[PDB]
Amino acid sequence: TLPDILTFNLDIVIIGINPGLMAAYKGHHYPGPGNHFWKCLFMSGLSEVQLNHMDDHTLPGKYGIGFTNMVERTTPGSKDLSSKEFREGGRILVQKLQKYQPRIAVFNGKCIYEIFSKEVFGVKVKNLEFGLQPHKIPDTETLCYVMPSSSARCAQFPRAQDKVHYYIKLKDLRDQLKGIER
């Protein structure tokens, strides 16, 4: 359905559950603009000006950010997924990331990482909180960073004004990681 915007030597990679109906139709990542992504990407200072799904193909070149998902199959709809599917997805994911080895793998929303941990590391995270996670991407110096879902279905994150902090903190981490090249 929706294409992977991915390059080599990338700062951040955003990682969704799977492309939404809109996404799939629009042919661009995190459209909406119910999905709070682009507003946050702006507000955070990760983007120079305000952007949108149409600017999505420019992100890695200009702001060093990639895009992808656990499962490429499009649906509503996360409750529409399964399990078998996820496990096979993480497998397909891990590989792609073992190929492009970005600096930071960002998980859009706890759900996706919950699974990913239990499947990639086989660890059931007790009281998971957002931010850097201990373990790295298998056989890679890519760290796992967990962000609250950009999806406009999160009420802990009712506005994009509510969930901007983590993006600021995300930016910082990239910076910190850039420093360690000296």
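A residue's number is simply how far along the shown sequence it sits, counting from 1. In this text, rigid core is short for the largest set of C-alphas that superpose within 1.5 Å between two forms.
Chemist: Do the Cα atoms of 120 to 128 or those of 134 to 142 sit farther, on average, from the shown form in 6 other deposited structures of this protein after fitting on the core?
Modeler: Checking 120 to 128 against 134 to 142 in 6 other deposited structures of this protein, I find the farther stretch is 120 to 128.
Chemist: Fitting on the core, do the C-alphas of 32 to 40 or of 143 to 151 deviate more in 6 other deposited structures of this protein?
Modeler: Greater root mean square C-alpha distance in 6 other deposited structures of this protein: 32 to 40.
Chemist: For the higher mean C-alpha B factor in the entry, choose 38 to 46 or 153 to 161.
Modeler: The stretch with the larger mean CA B-factor is 153 to 161.
Chemist: Going by the B-factors listed in the PDB entry, is the mean over the C-alpha atoms higher for 66 to 74 or for 49 to 57?
Modeler: Averaged over C-alpha atoms, the B-factors run higher in 49 to 57.
Chemist: For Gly27, return the chain-relative third of its C-alpha B-factor as stated in the PDB record: lowest, middle or highest.
Modeler: It falls in the bottom third of the chain.
Chemist: Using the B-factor values recorded in the entry, state whether the Cα atom of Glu114 falls in the lowest, middle or highest third among the modelled residues of its chain.
Modeler: CA B-factor rank for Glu114: middle third.
Chemist: Rank-wise, by C-alpha B-factor, drop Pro134 into the lowest, middle or highest third of its chain.
Modeler: Lowest third of the chain for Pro134's C-alpha B-factor.
Chemist: Determine, from the deposited record, the chain-internal third of the Cα B-factor for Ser82: lowest, middle or highest.
Modeler: CA B-factor rank for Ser82: highest third.
Chemist: Could you look up the Cα B-factor of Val123 in the entry and say which third of the chain it sits in: lowest, middle or highest?
Modeler: Highest third, going by the recorded CA B-factors of the chain.
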